[PDB]
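Encoded as C-alpha cells, the structure appears first; notes follow it.
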Amino acid sequence: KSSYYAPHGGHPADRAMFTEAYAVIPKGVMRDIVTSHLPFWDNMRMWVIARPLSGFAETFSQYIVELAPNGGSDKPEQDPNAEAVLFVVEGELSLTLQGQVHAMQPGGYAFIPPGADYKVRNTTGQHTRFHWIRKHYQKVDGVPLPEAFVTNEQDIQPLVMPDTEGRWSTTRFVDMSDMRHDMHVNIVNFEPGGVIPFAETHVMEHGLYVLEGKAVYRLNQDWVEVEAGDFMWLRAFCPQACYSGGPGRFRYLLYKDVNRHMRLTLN
Amino acid sequence: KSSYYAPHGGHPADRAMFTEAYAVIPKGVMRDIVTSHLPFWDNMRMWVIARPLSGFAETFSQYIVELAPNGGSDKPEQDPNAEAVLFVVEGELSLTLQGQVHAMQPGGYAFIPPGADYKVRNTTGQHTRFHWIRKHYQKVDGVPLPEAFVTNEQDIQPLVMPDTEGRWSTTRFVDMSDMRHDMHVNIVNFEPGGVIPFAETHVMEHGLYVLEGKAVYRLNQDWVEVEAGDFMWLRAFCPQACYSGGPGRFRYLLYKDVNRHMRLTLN
Amino acid sequence: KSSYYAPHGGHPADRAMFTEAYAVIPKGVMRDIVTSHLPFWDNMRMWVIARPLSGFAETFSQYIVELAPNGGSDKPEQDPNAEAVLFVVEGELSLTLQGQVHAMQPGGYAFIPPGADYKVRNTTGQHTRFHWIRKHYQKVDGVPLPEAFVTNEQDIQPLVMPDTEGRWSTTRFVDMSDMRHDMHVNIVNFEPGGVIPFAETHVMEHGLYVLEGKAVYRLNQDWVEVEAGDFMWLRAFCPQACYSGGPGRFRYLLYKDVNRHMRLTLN
Amino acid sequence: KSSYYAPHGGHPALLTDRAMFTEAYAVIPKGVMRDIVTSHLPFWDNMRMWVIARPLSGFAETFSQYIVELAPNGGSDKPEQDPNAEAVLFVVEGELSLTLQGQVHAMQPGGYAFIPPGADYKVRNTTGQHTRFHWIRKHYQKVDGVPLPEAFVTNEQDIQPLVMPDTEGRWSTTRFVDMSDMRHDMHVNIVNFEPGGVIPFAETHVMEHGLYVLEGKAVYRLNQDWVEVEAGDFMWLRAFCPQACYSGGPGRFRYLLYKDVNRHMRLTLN
Amino acid sequence: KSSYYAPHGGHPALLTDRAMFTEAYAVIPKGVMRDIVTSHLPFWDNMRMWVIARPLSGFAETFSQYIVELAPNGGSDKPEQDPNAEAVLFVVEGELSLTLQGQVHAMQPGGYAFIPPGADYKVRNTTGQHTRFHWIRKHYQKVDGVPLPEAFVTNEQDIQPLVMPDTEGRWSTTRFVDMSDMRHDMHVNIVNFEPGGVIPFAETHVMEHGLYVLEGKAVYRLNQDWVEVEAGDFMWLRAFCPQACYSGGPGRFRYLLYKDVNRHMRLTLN
Amino acid sequence: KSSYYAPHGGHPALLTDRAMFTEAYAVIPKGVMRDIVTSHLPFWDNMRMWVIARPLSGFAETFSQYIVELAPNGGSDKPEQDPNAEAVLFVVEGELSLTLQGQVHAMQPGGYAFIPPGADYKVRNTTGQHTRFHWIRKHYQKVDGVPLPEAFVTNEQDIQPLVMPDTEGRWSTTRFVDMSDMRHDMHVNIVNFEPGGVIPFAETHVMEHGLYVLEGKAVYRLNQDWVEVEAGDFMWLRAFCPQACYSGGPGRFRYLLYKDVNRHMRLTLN
Amino acid sequence: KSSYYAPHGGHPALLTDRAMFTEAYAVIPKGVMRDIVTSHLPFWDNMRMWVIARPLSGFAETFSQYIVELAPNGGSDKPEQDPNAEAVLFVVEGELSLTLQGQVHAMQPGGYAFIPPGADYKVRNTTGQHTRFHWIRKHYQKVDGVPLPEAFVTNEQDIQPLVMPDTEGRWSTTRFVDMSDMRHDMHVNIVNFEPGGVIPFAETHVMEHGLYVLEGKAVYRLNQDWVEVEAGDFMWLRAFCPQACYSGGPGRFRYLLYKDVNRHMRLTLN
C-alpha cells in the first residue's frame, strides 16, 4: 500500500524559487491562515495552487481539498465547461458521479467530464484529503466527450520508461491515442536507482507535485532539493533531470494539456 | 484614536524594487505632477496604484483620492460591475450610499456593492483623503449580491492570530463564511513585539499598503524596510515575514480576492 | 526653429536594455531591412515601436512613417476606434482632416479623433518623416468625443515645471481638465541646467522618445545615456531622473493614457 | 547575570544555510562549529577548538580567533609559541585558571584577560566541568617611544558600558582599554544593543574587523543586505562596509568585537 | 577663492547608501566619516583622523591616506615613525604650521607640501580654530643613480592648471612636479572639470589610484556604471578600470588624485 | 580491489563546461588535463605532469598538487629541490619504485608515501608500463619541542576506514596519521561515501582544502550550489564553505583530501 | 610579410566598452592605450610606454609587460635596474638597435630577443622613424644544477610554427625555446590561428598567463563567455580558465603569449 503526503497545517516551528523558466513552492506554505473557500461547501478548507508563475498559467487549476468528517458538497463544480480529476491522498471519499456512488480510498483517481453532475461527501469520522485538478475542456468536432471513470493507481501497472535501467516509469489513466481527452493527470515514478539525465515528459508548461520520497531535481541548469509536498511549475522547454537517492520510491503527480492544437491569437 | 498616513504631495528635497516575485513602491512616488483624474469629479486629485508588476495584476484597482473642500462627485463610479471599498485616512467624507448619508471620519470603512448608486462629497473646509479599492464582482448562482455597510475600524476588535505571542492580529469587516463577498479588505496589525516568521495571509496575489509604523519586511528571501505610505505587491506564494521593531504599532491595509474558483482559460 | 531627429536608415558602420522595470531601444535599430508596411499606402516605409517589454504594452502603438515624394494614403487608418496623433519631424506633410487640408511643417502636431475620415500625402519633392501614435479611444457616457485640431509645438509656450530652478518644462496640446481626451502626447523639455531628481510625469506605463539633445537618464536605480532617436519604455512606478548636460536643449516626445478608470479583469 | 553562547559541537541532523561570502562581508552561522571540524595545538592537554580566521580572501590575516574547549584537567604550560603574539582571553562558559605575570586568576564566565606579546602565562581547567573561552591573537606592533602594554584581568560584568550619545541610550559599548592608551594596538570590546529601535549607523570601525554575537538575535544590515543573526554567529567586515542594526529581540543583543588601532596603515615595501 | 570640503564628524540621524564595492572599483561616500570611527597615532596631541586605505582587497596597500583634524594647539614633533615613508600634506580647512627642512611654513587652505622619505619635520596648529588636512603616505622607491626628491611647499591656487588638449578646455590638471622629474615616484595632483560637457575618457592613470572629490558634484562612470559623486566622496580604481565623467554641476568639479609612477612594476620574488 | 582514476591526456574532440570559479569555491573538471597543458621539472627523465595549484585567488598557495606520469625508466634522483618541502605520494596507476630513507619500496596503485621535509629519496619507474601518481607538497612548519614527522609507506587498501558516527555508516574516512600526532602539520586522507543517502554536513575541515575525486560520481553541494562531480574532478574550498553530499552512484564515491592542521593560524607580520 | 599592431596613442573622440573584469579573466581593449596614460623609466631618452600588469587582483605579479615607443635617438644605456629581471624584447614597428652580450643586433619588426637575468645590454633607436616593441619582464628562478639561459636574437618570421595535431592544421604555435630546455623558466610564444574553423580547446597553459593579440580578430571564449577580440586587445587568464577560439576573420589571427614554466609551484613560507 503506497503512502501519499497530505497537507495538515498545524503550527510548525527558504526554498521558494521563482525564475524565468520555473518555480518551486515548498510544502511549508500550506498553513491554516492561508486556506481558501468555495460557495456551497460544508466543513471544507482547501489550499490553492495555481498561477505559480506569471504568464501562461491559467490553463489549469489545482486545489488540495480537506474535508472534515461529514463534509463535502452537493454542488461542487459551478463551471459547466470544467473537467476534473479527483485524487484522494488521505481518508475515504464518497463520490457520486453520474448517479453512481464510489468509495474512494487513498490512491483513488476519478475523471469527471465537463457538465457531468456529481457530488462529494466525507461520510467517515476521520478527515479526508484529496486533490482537485480542473480545466476547461476543449471540444472538437468528430471527437465525442471523454467518459467518466473511477479507478485506483495501486491497480494500474506503471509503464516503464525505455531508459535509465528501467528505474523510471509512469502510471497513466487514459490511452495515449484517446483523442477524447485533452489533459493527462499521471504519476511519474522513480526508483532509488541512478541518475536520469532527461526526465522531461512534456514540452509545454505543466505542474509537478511530489507525493512521496525525496530527490534532487534539476530544473534548467539549477539543482534543487524537493520532497513530498513540494510543487514545481515549468514554463516550457524547461530542462528536466532527476537524481533520486532516497531509500524509497520518489513520485510526483503530474498534469498537462495535450491532443489539441496550440492556442493562436485571434487577430 | 489611530492615525493613518495620507499622501500630501508638496515639494520634498531609492527603495523602489521590482522582482519576479514581488514589488515595492515607496511613498516618495506620490508627487503632485503625477496625479490622475476621472470624469465628473470636482476639485479632486488622486494617485493610482495598480499593475505594480507585469502579469496577473488587473484584478484590483486602488486609488488614493484627495478631495479639496467642497469637492466630490455625484457620478463617481461609471463601471456597473465594479464593487468597491472606501477607507478614509484623513479628513471627513460624506458618503451617500443607497440614499443613506454617512459622515465618515478617519478610519471610516465602507463597502459599496456593484451597481449600487452612491455619491461622495467633502462638505468640510479642510481636505479629505481616502482610499478607493475596486473590483469586478463575481456573481454566482444561489449566492445573492453582498449588502452594503459602513463602519469604522476603530470599532472592530482585531482578531488575534494564533501565534507569535499574540503580537500579530487582523481586523476584518466581513464574515469568513460569507460567500456573498468575493474580496476582503482587511487591516493587518503588528505589535512592537517580536519576529513573525510566517506572515502570509493569502496564497495568491494581493497588495499591502502600510498605514502606520515602520518595519523590516521579508519579501521572499529579501529583507526590505517599509514605512507608512509604502506599498507592496506579491505575485503568489511569495514568502512573507515581518520584523516589527518600531516603538508603535505597525499596520497595513490589505486586499485580496477570495471565495471563488480560480479563473481558467476559456479554451 | 527647433530641430527634430528623424530616422534615415543608410548603411552605418550595444546599449539596448531590457529590465523588469524598463527598456531602452537605441536609434541604431532603425535600419532599412527592418522597416514595415501597411495596406493601401504609396511609397512608404515605417519603423514600428510597440510592445517594448512583455506584459501590459498593447495600449499604444507608435510608428515613425517615412513618405517618399508623392507618397501617402487615402485610406490610412483601417481601425474605426483608433484615435491618433501626427507629429512631423522632417519635411512637409499634407493632412486632409475632416475635409480640411493642412500643410504641416516640422513640429506639426495633429489630433485625429476615432472614426474621423482623413488622409495624408507628401506633395513635396523631398522626403517627409512623421510620428504616428494610435490608441483605441475609451468612450464614456456624458463625455463627448474629443475634437480634432492641428497646431505646431513651436507655437505653444511650454509650461514650466515648479522645481529644478525652472530648467524643466512641458509642452501640452490639450487642457488638463479636458475629460474628452483619454491620452496625452506632450513634449518634455530640459534646459542644460542641473539635475532633476524626480522627472516622472506619469505613474503608469508610458513611452519616451528623444527628439533632441543628449542626456544621462536615470531609469530606476540605473543611469543610462540617451540621445535624439533613442526610445524608452517604463513599466509603472519606474523611477525617473534626468541629468541634462548637453550644451543644447534635451527633449523627448511622450505619450500616456489618462482621465479614465483602470482596466479591471472582467471576472 | 549575563549569559554567553558557547559551542558544544555534536552532529545534529530541509533547509539551506545563512552562510554568506560577498565582496564586502562574510556571515558564518553557529552551525559550522561541528565536532569533526575542530583543531589542535602542540602542548595542549584535553583541548579541542573551533578556528575562525581568514573569513574572506585578501587582507584578513591580521587576527586569529579560536574557541577553546578544555575538558577537566585540560590546558597547557606552553600555550603560546609565537613571541610576537599578543592575546585576549574571554571565557564564556566554565571556569578557567590563568597564571599571568606570576599571578593566578580564577576566571569565571565573563572573564577578560589581556596578555602582552612574549608574556609568560599558562592556562588550566582545575574544575570538574568543561570550560570554554575565546582566544584572539595578533602580532603586536612595537613603536619606538611607546612601551609595551601591561597585562590585566577583569570581568566585563564589572565594567560600566559607555553609552553611545544617541538612539535614546539603546546602544552602548564596553571597553577594556583607555582610548588614549597608545600602547595598545588592538581593542577587543563588546557592543551592546538594547531591544530598543533601529541603528542606521552601527559601524564602529572603518577598517576590517570581526564580530561574534555573544547573546541575542537581530536583523543586521551588512552593506545593502539585511541578515538575521543570533548568538554564535560570526560576521566579518572588509572595510567601509556599511553597518546598520535592527535589534528587536526580547532580551539584550550583543557581540564581541576585535579591531587593530592606534597605528599607521601597513604599506607595501619597496 | 577656491573651496574644499572637510569632514567634521558628528552623528546626524529612509535611504540606503551609495557605498559600492565591485571587482573594478569602490565608491566611499562622505557619510562614512563619523566621530566614533576616527583613528589615532602615537605622539599626537589633540588629533583625530579619518582613515582611507585598502578600499578593496588585493593590490591596494601602496598608498595610505588620512584626513587629520587638529584642535587648537594640536599636532606633533615626531609625526612620522617610518623612515621610508614619503608624504604629501594638503590642507583643506584652517591653517597648519609645518616645519620642514629647517623652514617654517604657514599653510593656508589649498596649501600643498611634499615631504621626502626620512625627512625631519613637524606640524602644529598655532591658531584658535581647528585645522584639517590630507596626509598621503607611501614607501619611497630608491633607484640607484637617482637622487631623492627635494621637499617644497606651495598652494594649488598659485599653480596654473595644465589644460587637456580637448573638450574645449573644459578639463585640466594641476601638477606639482615635473613629469620628467624621475626623482619622484608618485604624483598627487588635482583634476579639474569645468561645468562643460561630457568626458568619455577621463582615465589619467592605467594602474590603481585613488580619487577624492574636493569640490563639486558629477555623474562619473566607473566601468560600465554611472554613479553620482560629490565633494567628500572617495573613489578607488583597480586598473584599466574605464573612467568617464559627466560634470554638469553649476560650479567647478574637482578631485585630489594620487598614483605611483616613474618606476618598474613590482614583480613577485623567487 | 579498489580503482582509481588517472589522467591520460590526449586531445579528444556542443557543450559548455562544468568548470566553476566563485567566491567560495572552484570546480575543475577532468577535461582540463590535456597533453599540451602538461608541465615539467628539472632533473626528471621521461616525466610529464598535470599541475593543480592556486585554484582561486587569495590564500591558496599553501599546497601544491601534481599528477605525474612516468614512462618506463622515468623518474629522478633529485626529485625535490626545496629543503622545507614535505610530501605525500599516492600512486593511482602502475607501479612506482620509491627509495625513501635508505629503504626501497615497490608501490602499487593505492600506495601511500609520506616524505618528511629535507628527506632524501628518489623515484623510478622500473616497469615496462607507465605509472601515475599524485604528489602533494607543502612547506613543513617546524615547532620547537616537536620533532619532525617520520616517513612511512603503506597502501590505503590495507587501512580500515574510520566510519563517521552517523548516516548509518554510509560515510567514513581513511587516515594515515594519528589525529594526536602533533608532529604532522598536514593530513592527506581519503573520504569514503557509500551509495547510501544524503550527507547534509560533509565538511571535514573549516579552513581551505582540496578535494580530488578518485572514484565514483555524486551531486555535491558547494555553498548553496549543487554540482555533479565524478572521478578526476577537483574541488577547491575557501573556508567555512558549506559542504553537502548526495552520493547516489551504483558504486563507492570517494576523494583524496589534503589540509593543513595542528598549527597556529598564520598572522601578518608587523 | 607579417603585420603587427602597435599603439600610437592620440586621443580620438555613443558606445560603452569591451573592458571586462571577472573572477576568471580580464579583457583589456586597445582603446586604453592613450597618450595621457603613458609611463616612464629612469635613464630613458625619448621614451614613452604603455604598462600592462596586474590585470586582475591576486596572483598576478609574476610578469610585467610594457609597450615602449622610442622616438628617434631614443633608448637607454642602463635599461634594466633589476639584477634578477629576465626579459624578452619583441619589436612590432620600426627598427630597434640592441647591444646584447657584446653583440649589436639590428632588430626589424618581428625581431625577438631574450635577455638573461643580470645580463648587460642596451637599446637605441638609430633610425629617423619611431620604433615600438614589447618588453616582458620576470624575476628569473635559479635552480641549483641548472645553468642560466643564454641570450639569443632572431625573428619569428624565420621560425616554422609547430602545427597542433588537430583542427586540420588550422592551429599552430611558434616557439623560441626547446620545451626540454630546463634552463628557461618562462616561454613567450605566438599562437597562430588560421581563418579555419572552431577550436573547442585553445588552452595552452593551465596556470595564469597573458595573451596579446598581435593580428586579426576572432570570437574567443573565456570561461563560458564569448568575446570579440582584435589586434591590440589583451586578455588575462587566472587559471584553469576555459579557452575556446572561433577565428573566422579573412586573415590570420594570432597573439603573443607569455607564461612561467619548468619550475615548482610557489608555496607560502612558514
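Labels for the C-alpha cells follow display order: chains A, B, ..., residues from 1 in each chain, ligands from 1.
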
Would you pick out the contacts of residue A:103 at 9 Å or less, using only C-alpha atoms, so that residues sharing its chain but fewer than 3 positions from it are not included, and give the list as a PDB file with C-alpha atoms, in the first residue's frame?
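Saved as out-v2.pdb:
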```
ATOM      1  CA  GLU A  92     -12.009   7.988   2.382  1.00  0.00           C
ATOM      2  CA  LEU A  93     -14.079   9.962  -0.124  1.00  0.00           C
ATOM      3  CA  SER A  94     -17.624   9.306  -1.262  1.00  0.00           C
ATOM      4  CA  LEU A  95     -18.079  10.401  -4.869  1.00  0.00           C
ATOM      5  CA  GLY A 108      -8.327   6.857  -5.608  1.00  0.00           C
TER       6      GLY A 108
END
```

Checklist entry - Could you list, as an MDAnalysis selection string, every residue of chain C that has an atom within 12 Å of an atom of chain E, counting only C-alpha atoms? => result chainID C and resid 14:15 165 191:197 214:219 221:225 241:248

Next on the checklist: Residues of chain E within 7 Å of chain D, counting only C-alpha atoms, what are they? List them as number ranges by chain.
Outcome noted: E: 16, 21, 36-37, 39-42, 55, 57-58, 61-64, 138-139, 141

Counting only C-alpha atoms, collect the residues of chain A whose closest atom lies at most 6 Å from chain B, and write them out as a ChimeraX atom specification. /A:33-34,37-39,54-55,58-59,138

Those selected residues, please, written with C-alpha atoms and delivered as a compact mmCIF listing (two decimals), in the first residue's frame.
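Below is the file result-v5.txt, written as the result:
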```txt
# COMPACT_ATOMS: atom_id res chain seq x y z
CA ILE A 33 -4.40 31.00 7.93
CA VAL A 34 -3.88 30.79 4.19
CA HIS A 37 -13.13 28.58 0.47
CA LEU A 38 -15.74 27.87 -2.22
CA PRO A 39 -19.52 28.51 -2.11
CA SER A 54 3.28 34.91 -14.31
CA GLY A 55 2.20 34.45 -17.90
CA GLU A 58 -4.34 29.96 -16.45
CA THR A 59 -4.91 26.63 -18.24
CA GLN A 138 -11.61 21.70 -25.38
```

Check stretch 47-266 of chain F with DSSP on the backbone and list each residue it calls strand (DSSP E or B), as a PyMOL selection string. chain F and resi 47-52+64-76+85-93+96-100+104-107+111-115+121-124+131-139+152-155+162-163+171-174+186-193+198-199+207-215+217-222+225-230+234-239+243-246+253-260

What separates atom CA of residue E:54 and atom CA of residue E:19 is a distance of 14.5 Å

So that I can check the surroundings of residue A:233, please list as a VMD selection string every protein, DNA and RNA residue that reaches within 8 Å of it, counting only C-alpha atoms and ignoring chain neighbours fewer than 5 positions away. chain A and resid 22 to 24 52 to 53 205 to 208

Once you have the residues from the selection above, write them out as an mmCIF file, in the first residue's frame, restricted to N, CA, C and O atoms.
```cif
data_model
loop_
_atom_site.group_PDB
_atom_site.id
_atom_site.type_symbol
_atom_site.label_atom_id
_atom_site.label_comp_id
_atom_site.auth_asym_id
_atom_site.auth_seq_id
_atom_site.Cartn_x
_atom_site.Cartn_y
_atom_site.Cartn_z
ATOM 1 N N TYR A 22 11.169 28.410 -14.429
ATOM 2 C CA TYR A 22 10.459 27.550 -13.493
ATOM 3 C C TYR A 22 10.190 28.199 -12.136
ATOM 4 O O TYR A 22 10.659 29.303 -11.842
ATOM 5 N N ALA A 23 9.437 27.485 -11.307
ATOM 6 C CA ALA A 23 9.112 27.943 -9.968
ATOM 7 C C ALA A 23 9.058 26.737 -9.051
ATOM 8 O O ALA A 23 8.749 25.632 -9.482
ATOM 9 N N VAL A 24 9.376 26.955 -7.784
ATOM 10 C CA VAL A 24 9.347 25.896 -6.794
ATOM 11 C C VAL A 24 8.668 26.434 -5.545
ATOM 12 O O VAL A 24 9.115 27.429 -4.972
ATOM 13 N N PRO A 52 1.487 29.663 -10.655
ATOM 14 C CA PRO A 52 2.760 29.665 -9.923
ATOM 15 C C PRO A 52 3.732 30.710 -10.449
ATOM 16 O O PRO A 52 4.551 31.260 -9.713
ATOM 17 N N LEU A 53 3.629 30.980 -11.736
ATOM 18 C CA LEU A 53 4.499 31.940 -12.370
ATOM 19 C C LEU A 53 3.641 32.799 -13.249
ATOM 20 O O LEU A 53 2.596 32.360 -13.719
ATOM 21 N N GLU A 205 4.212 23.934 -20.811
ATOM 22 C CA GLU A 205 4.076 24.083 -19.373
ATOM 23 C C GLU A 205 3.245 23.004 -18.676
ATOM 24 O O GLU A 205 2.244 22.533 -19.205
ATOM 25 N N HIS A 206 3.686 22.600 -17.489
ATOM 26 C CA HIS A 206 2.970 21.608 -16.710
ATOM 27 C C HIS A 206 3.422 21.654 -15.263
ATOM 28 O O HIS A 206 4.476 22.203 -14.945
ATOM 29 N N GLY A 207 2.604 21.096 -14.379
ATOM 30 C CA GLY A 207 2.933 21.109 -12.969
ATOM 31 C C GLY A 207 3.312 19.756 -12.412
ATOM 32 O O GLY A 207 2.830 18.726 -12.874
ATOM 33 N N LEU A 208 4.189 19.774 -11.416
ATOM 34 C CA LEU A 208 4.662 18.566 -10.752
ATOM 35 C C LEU A 208 4.427 18.688 -9.245
ATOM 36 O O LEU A 208 4.839 19.671 -8.626
#
```

Taking 4 positions as the minimum chain separation for residues in the same chain, which residues sit within 8 Å of stretch 148-156 of chain B when counting only C-alpha atoms? Answer as a ChimeraX atom specification. /B:1-2,102,107-113,171-173

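For stretch 111-115 of chain G, the residues within 8 Å (counting only C-alpha atoms, excluding itself and residues fewer than 6 positions away along the chain) are residues 86, 87, 88, 89, 90, 91, 92, 100, 150, 151, 152, 153, 154, 155 and 156 of chain G.
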
Any chance you can output those residues with N, CA and C atoms as a PDB file, in the first residue's frame?
```pdb
ATOM      1  N   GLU G  86      64.617  39.035 -15.932  1.00  0.00           N
ATOM      2  CA  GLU G  86      64.949  38.441 -17.220  1.00  0.00           C
ATOM      3  C   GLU G  86      63.963  39.122 -18.162  1.00  0.00           C
ATOM      4  N   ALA G  87      64.235  39.110 -19.461  1.00  0.00           N
ATOM      5  CA  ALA G  87      63.332  39.768 -20.396  1.00  0.00           C
ATOM      6  C   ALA G  87      63.226  39.138 -21.785  1.00  0.00           C
ATOM      7  N   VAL G  88      62.256  39.644 -22.533  1.00  0.00           N
ATOM      8  CA  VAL G  88      62.017  39.240 -23.898  1.00  0.00           C
ATOM      9  C   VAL G  88      61.579  40.510 -24.623  1.00  0.00           C
ATOM     10  N   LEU G  89      62.320  40.874 -25.661  1.00  0.00           N
ATOM     11  CA  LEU G  89      62.008  42.058 -26.448  1.00  0.00           C
ATOM     12  C   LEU G  89      61.411  41.596 -27.763  1.00  0.00           C
ATOM     13  N   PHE G  90      60.297  42.208 -28.136  1.00  0.00           N
ATOM     14  CA  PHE G  90      59.622  41.849 -29.368  1.00  0.00           C
ATOM     15  C   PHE G  90      59.189  43.095 -30.114  1.00  0.00           C
ATOM     16  N   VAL G  91      59.936  43.459 -31.147  1.00  0.00           N
ATOM     17  CA  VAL G  91      59.601  44.658 -31.898  1.00  0.00           C
ATOM     18  C   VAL G  91      58.425  44.458 -32.845  1.00  0.00           C
ATOM     19  N   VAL G  92      57.485  45.398 -32.801  1.00  0.00           N
ATOM     20  CA  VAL G  92      56.303  45.331 -33.647  1.00  0.00           C
ATOM     21  C   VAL G  92      56.270  46.409 -34.723  1.00  0.00           C
ATOM     22  N   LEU G 100      73.495  43.301 -27.072  1.00  0.00           N
ATOM     23  CA  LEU G 100      73.370  42.260 -26.075  1.00  0.00           C
ATOM     24  C   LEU G 100      74.570  41.341 -26.089  1.00  0.00           C
ATOM     25  N   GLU G 150      71.001  31.122 -21.965  1.00  0.00           N
ATOM     26  CA  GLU G 150      71.839  32.000 -22.778  1.00  0.00           C
ATOM     27  C   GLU G 150      70.983  32.851 -23.692  1.00  0.00           C
ATOM     28  N   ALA G 151      71.414  34.092 -23.892  1.00  0.00           N
ATOM     29  CA  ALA G 151      70.710  35.037 -24.741  1.00  0.00           C
ATOM     30  C   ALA G 151      70.711  34.582 -26.183  1.00  0.00           C
ATOM     31  N   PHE G 152      69.910  35.257 -26.991  1.00  0.00           N
ATOM     32  CA  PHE G 152      69.825  34.963 -28.403  1.00  0.00           C
ATOM     33  C   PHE G 152      68.842  35.937 -29.031  1.00  0.00           C
ATOM     34  N   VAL G 153      69.014  36.169 -30.327  1.00  0.00           N
ATOM     35  CA  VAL G 153      68.173  37.086 -31.085  1.00  0.00           C
ATOM     36  C   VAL G 153      67.780  36.385 -32.382  1.00  0.00           C
ATOM     37  N   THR G 154      66.575  36.683 -32.861  1.00  0.00           N
ATOM     38  CA  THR G 154      66.062  36.068 -34.067  1.00  0.00           C
ATOM     39  C   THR G 154      64.767  36.777 -34.449  1.00  0.00           C
ATOM     40  N   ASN G 155      64.070  36.264 -35.460  1.00  0.00           N
ATOM     41  CA  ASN G 155      62.813  36.856 -35.899  1.00  0.00           C
ATOM     42  C   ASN G 155      61.790  35.730 -36.088  1.00  0.00           C
ATOM     43  N   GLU G 156      60.601  35.917 -35.533  1.00  0.00           N
ATOM     44  CA  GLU G 156      59.566  34.907 -35.598  1.00  0.00           C
ATOM     45  C   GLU G 156      59.215  34.502 -37.013  1.00  0.00           C
TER      46      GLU G 156
END
```

- Message: According to DSSP computed on the backbone, where in stretch 6-177 of chain E is there helix (DSSP H, G or I)? Give the residues as a list in words.
- Response: residues 30, 31, 32, 35, 36, 37, 156, 157, 158, 167, 168 and 169 of chain E

Restricting it to N, CA, C and O atoms, dump the selection as a PDB file, in the first residue's frame.
```pdb
ATOM      1  N   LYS E  30      30.877  60.326   1.651  1.00  0.00           N
ATOM      2  CA  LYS E  30      31.381  61.154   2.727  1.00  0.00           C
ATOM      3  C   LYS E  30      30.727  60.803   4.062  1.00  0.00           C
ATOM      4  O   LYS E  30      31.305  61.057   5.109  1.00  0.00           O
ATOM      5  N   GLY E  31      29.536  60.204   4.016  1.00  0.00           N
ATOM      6  CA  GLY E  31      28.818  59.846   5.233  1.00  0.00           C
ATOM      7  C   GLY E  31      29.472  58.799   6.117  1.00  0.00           C
ATOM      8  O   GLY E  31      28.964  58.451   7.181  1.00  0.00           O
ATOM      9  N   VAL E  32      30.612  58.294   5.684  1.00  0.00           N
ATOM     10  CA  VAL E  32      31.305  57.294   6.458  1.00  0.00           C
ATOM     11  C   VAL E  32      32.087  57.953   7.589  1.00  0.00           C
ATOM     12  O   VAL E  32      32.173  57.423   8.707  1.00  0.00           O
ATOM     13  N   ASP E  35      32.181  60.309  13.865  1.00  0.00           N
ATOM     14  CA  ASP E  35      33.031  60.529  15.022  1.00  0.00           C
ATOM     15  C   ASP E  35      33.583  59.249  15.614  1.00  0.00           C
ATOM     16  O   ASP E  35      34.787  59.141  15.806  1.00  0.00           O
ATOM     17  N   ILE E  36      32.706  58.284  15.900  1.00  0.00           N
ATOM     18  CA  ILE E  36      33.132  57.022  16.510  1.00  0.00           C
ATOM     19  C   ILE E  36      33.945  56.104  15.630  1.00  0.00           C
ATOM     20  O   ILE E  36      34.211  54.956  15.997  1.00  0.00           O
ATOM     21  N   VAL E  37      34.351  56.592  14.468  1.00  0.00           N
ATOM     22  CA  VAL E  37      35.111  55.741  13.580  1.00  0.00           C
ATOM     23  C   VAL E  37      36.488  56.335  13.288  1.00  0.00           C
ATOM     24  O   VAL E  37      37.234  55.817  12.453  1.00  0.00           O
ATOM     25  N   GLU E 156      48.021  75.227  -4.396  1.00  0.00           N
ATOM     26  CA  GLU E 156      47.466  74.901  -5.693  1.00  0.00           C
ATOM     27  C   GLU E 156      46.814  76.082  -6.378  1.00  0.00           C
ATOM     28  O   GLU E 156      46.753  76.120  -7.599  1.00  0.00           O
ATOM     29  N   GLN E 157      46.334  77.048  -5.600  1.00  0.00           N
ATOM     30  CA  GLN E 157      45.681  78.232  -6.169  1.00  0.00           C
ATOM     31  C   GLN E 157      46.688  79.126  -6.889  1.00  0.00           C
ATOM     32  O   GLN E 157      46.309  80.064  -7.592  1.00  0.00           O
ATOM     33  N   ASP E 158      47.969  78.819  -6.720  1.00  0.00           N
ATOM     34  CA  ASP E 158      49.024  79.596  -7.327  1.00  0.00           C
ATOM     35  C   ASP E 158      49.588  78.849  -8.522  1.00  0.00           C
ATOM     36  O   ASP E 158      50.496  79.323  -9.208  1.00  0.00           O
ATOM     37  N   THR E 167      38.043  68.569 -25.366  1.00  0.00           N
ATOM     38  CA  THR E 167      36.823  69.007 -24.684  1.00  0.00           C
ATOM     39  C   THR E 167      36.716  70.524 -24.502  1.00  0.00           C
ATOM     40  O   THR E 167      36.238  71.012 -23.473  1.00  0.00           O
ATOM     41  N   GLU E 168      37.161  71.264 -25.511  1.00  0.00           N
ATOM     42  CA  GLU E 168      37.102  72.720 -25.486  1.00  0.00           C
ATOM     43  C   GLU E 168      37.688  73.333 -24.211  1.00  0.00           C
ATOM     44  O   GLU E 168      37.168  74.325 -23.697  1.00  0.00           O
ATOM     45  N   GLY E 169      38.764  72.742 -23.702  1.00  0.00           N
ATOM     46  CA  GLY E 169      39.394  73.261 -22.496  1.00  0.00           C
ATOM     47  C   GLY E 169      38.538  73.201 -21.238  1.00  0.00           C
ATOM     48  O   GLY E 169      38.729  74.002 -20.319  1.00  0.00           O
TER      49      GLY E 169
END
```

Near residue E:75, within 12 Å and counting only C-alpha atoms, which residues show up once chain neighbours fewer than 2 positions away are dropped, as a ChimeraX atom specification?
/E:40-49,68-73,77-80,95-99,121-127,130-133

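One distance worth recording is that between atom CA of residue C:63 and atom CA of residue C:121, which is 16.2 Å.
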